[PDB]
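What follows is one chain in structure tokens, specifically the form deposited in one PDB entry.
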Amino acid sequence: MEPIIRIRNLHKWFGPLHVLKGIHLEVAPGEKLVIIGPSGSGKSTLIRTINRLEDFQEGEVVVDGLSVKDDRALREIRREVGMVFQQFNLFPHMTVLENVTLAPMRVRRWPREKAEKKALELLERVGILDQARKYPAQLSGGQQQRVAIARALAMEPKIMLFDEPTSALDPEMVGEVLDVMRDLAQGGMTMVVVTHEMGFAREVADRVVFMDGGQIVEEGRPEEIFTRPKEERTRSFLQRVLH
């Protein structure tokens, strides 16, 4: 019922630069929220404050009742929230399996037999079961990002954050990673996705948020936003991006 992510008057300064200018955003449980906008709109900054990767100077960011600014709540937030980025952040000297089993054994205190069985399932689900005994450097970006995805899912979070996970991928690698995201979007997970992929955005989102200049300019259903945009900034942005 209540929003699982509640953001009020979020202001973020990066030097003299006003990155976020009083964001009000509420994400419902299990909602698939997709955030789009031109570069420098602050959308990646916004999604990063949600699991404590950006400090903010004004406003309130609450995740499942936990204040993100509370140092006491950080460990708990890291259990509930998973995140993928442009960079894959894989441990080069750990196997694909070990990269995924690590946190559940270390944090959730799972035995090896239980963590690996879980990890292998997830690796299969994301299509790279045969990569389990390999080291990250032997994998392509498309494979590595899906390892990152499986690693996040292995902690069994209630919320999954996707900060442009295909933006640094070569074009051949994009499709395989988006498919995994589509698979997950049919489920009950609460998902926030920042992306350039508009086909994916209109296809999977329950709700699309258009950001520009550190503000939310327009939001709505994927059909409303892509076909009959209201704000001139929304319309202009889409027209160039949907080329």
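The numbering used is simple: start at 1 and walk along the sequence shown.
Just so you know, the form solved in complex with a small molecule exists too; it's not on screen, but the next bit is about it.
J.: Between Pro38, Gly175, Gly65, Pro29, only one gets a heavy atom within 4.5 angstroms of the small molecule in the bound PDB entry; which residue is that?
T.: It is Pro38.
J.: To verify the annotation, which of these, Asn51, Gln215, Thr195, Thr45, has a non-hydrogen atom within 4.5 Å of the small molecule in the bound PDB entry?
T.: If I apply the 4.5 Å criterion carefully, the residue I get is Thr45.
J.: Give a yes/no on whether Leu25 approaches the small molecule to within 4.5 Å in the bound PDB entry, heavy atoms considered.
T.: Heavy-atom contact with the small molecule at 4.5 Å: absent for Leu25.
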